[PDB]
Structures are given as structure tokens and as C-alpha cells.
């Protein structure tokens, strides 16, 4: 079945890093490269944190501070956020595109960054 599995909320500290564990799934009948995209505040600012298809789409606010630590071939979508700022608090949502066969996790993971 289609889905993304990750903690609902995670806490982080200013200046530190945060690794959001992530595993995704899709039906075995779907023909398969997979594009990985992580959004920040999808329903609002909708800024691109990670984009494996075209890194040029990444918002300047995240360039050099975020990296996809997962192996898409192994269905791992781990997100590493570096040099955390209080402004990084908010919800991050993963989206993967295969080919109609695309999926956006509406749940996402909410990050809280304190001093």
C-alpha cells in the first residue's frame, strides 16, 4: 500500500542537527528512478527542503543545511537538518514521485526547535 512512516513530532536544539527517520511504501504492482521531495510548511510557505530531481529548486533557506540521508532504492527517506534555527520549527512533508504514481504524505512531521 501507499504510505510514509515517520515520527509525528520531533524536538531539536538551536545550532544542532536533527535526523528525521523515514520509510515509505508503494504497491508491488507499480512499475519503477524515484524523485524525492521534502517540503517545509506545505500548506503555507511550501518551501522545498530537498529535491533529488533538481537541487536548484531547493529554497535558499535550506541549501547546504539539508540532505537526504536515505536510499530511495531501499525505500528509506531519512532527512537530515543541520544548523537548526528556531525558524526551522514547523511541519515537514515528504513527497515521492515514480511516474500518476506519486504520493504526498499529508501527515508529515512537526519540528520544534528551542534554545
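Residue numbers count along the first chain shown, from 1.
> Please classify the coordinate gap between residue 32 and residue 33 in terms of deposited residues: none, 1 to 3, 4 to 9, or 10 or more.
Missing in between: 1 to 3 residues.
> I'd like the number of residues from the deposited sequence that lie between residue 99 and residue 100 yet are not in the model, binned as none, 1 to 3, 4 to 9, or 10 or more.
Missing in between: 1 to 3 residues.
> Do the C-alpha atoms of 17-25 or of 87-95 have the higher average B factor in the entry?
Here the higher of the two C-alpha B-factor means belongs to 17-25.
> Do the C-alpha atoms of 48-56 or of 77-85 have the higher average B factor in the entry?
Taking the mean B-factor of the alpha carbons in each, 48-56 is higher.
> Looking at the temperature factor on the CA atom of residue 39, which third of the chain's modelled residues does it land in?
Lowest third, going by the recorded CA B-factors of the chain.
> Compare the C-alpha B factor of residue 114 with those of the other modelled residues in its chain, then answer lowest, middle or highest third.
Its C-alpha B-factor, which the entry lists for residue 114, ranks in the highest third among residues of this chain.
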